[PDB]
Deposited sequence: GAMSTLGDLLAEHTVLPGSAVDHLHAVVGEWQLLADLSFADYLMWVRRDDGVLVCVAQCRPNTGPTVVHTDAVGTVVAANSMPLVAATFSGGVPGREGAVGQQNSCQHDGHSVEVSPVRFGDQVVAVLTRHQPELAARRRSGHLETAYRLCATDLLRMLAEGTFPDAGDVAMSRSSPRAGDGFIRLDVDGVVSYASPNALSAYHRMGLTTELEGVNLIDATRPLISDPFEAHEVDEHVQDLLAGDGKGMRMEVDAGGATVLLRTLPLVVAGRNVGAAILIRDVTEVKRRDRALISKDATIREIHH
């Protein structure tokens, strides 16, 4: 019944791809939270049959898939658009690894009519979800190795920051701004260069540069997503970067942040 068990039972995917799929399911709560939406992961077996091998539910809104869909076997003809993609609202999208579409995500969310009436936060989350969905389709989301990389990693709701290509903060959620306030930041974060705001605040001169190094590498393309725990003005934040790349070009980055000051005691 686990993802590994189902891929082996139903699929002939190569070691590489199986790893990629583990990495998705390892990472996709982020995707669910940002999307305010349910996700199910489908694979196509030789029979051409569809099997749902994984499912997550958003923390940030209600689910519309109350039933456990994992292990469910379904005929091609009965989910036309999903089957085609291999070659409540339901939007459909591919997961590519290498030259091929190795899995397909279906997104489940309430009808437009009666959902969370949008706000800045919800707007920023959804945009970043679209960006991640595109990267999953182009096979660039996940990445370095093929693993989830941490158990304690910040949830989107802990703090969210949208970086533009020039390293200026275009969006920062109230939680992100709160953490930054605890780090000793006295001004606003939106509209300001992130490196210029963040460096002075990081206590240890090594780490301050490590962050500088990384964000510069994040805005040039030569740079993978990283997690680092820093100390700043008495506080301790956990930072997590995701490069954003749409069809060749860097569109910025998402940084998640969590004030773990108390949880580190």
{"query": "Deposited residues absent from the coordinates (by C-alpha)", "finding": "1-3, 91-110, 289-305"}
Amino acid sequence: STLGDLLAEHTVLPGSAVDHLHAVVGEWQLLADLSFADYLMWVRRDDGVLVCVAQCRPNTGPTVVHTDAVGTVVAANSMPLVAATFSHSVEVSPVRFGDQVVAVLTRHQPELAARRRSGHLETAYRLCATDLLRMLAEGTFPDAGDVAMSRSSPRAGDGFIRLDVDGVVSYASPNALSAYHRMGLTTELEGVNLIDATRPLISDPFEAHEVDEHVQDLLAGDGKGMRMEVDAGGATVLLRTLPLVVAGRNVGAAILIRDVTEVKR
From here on, numbers count along this sequence of modelled residues.
property	result
Of 22-30 and 211-219, the stretch whose C-alpha atoms average the higher B-factor in the entry	211-219
138-146 set against 103-111, stretch whose average Cα temperature factor tops the other in the entry	138-146
Member of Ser170, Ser173, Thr130, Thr187 with the greatest C-alpha B factor (per the PDB record)	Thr187
Third of chain Cα B-factors occupied by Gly233	middle
Chain-relative CA temperature factor third for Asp204	highest
B-factor third for the C-alpha atom of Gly157 within its chain	lowest
Modelled-residue ranking by C-alpha temperature factor, third containing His66	middle
Third of chain Cα B-factors occupied by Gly225	highest
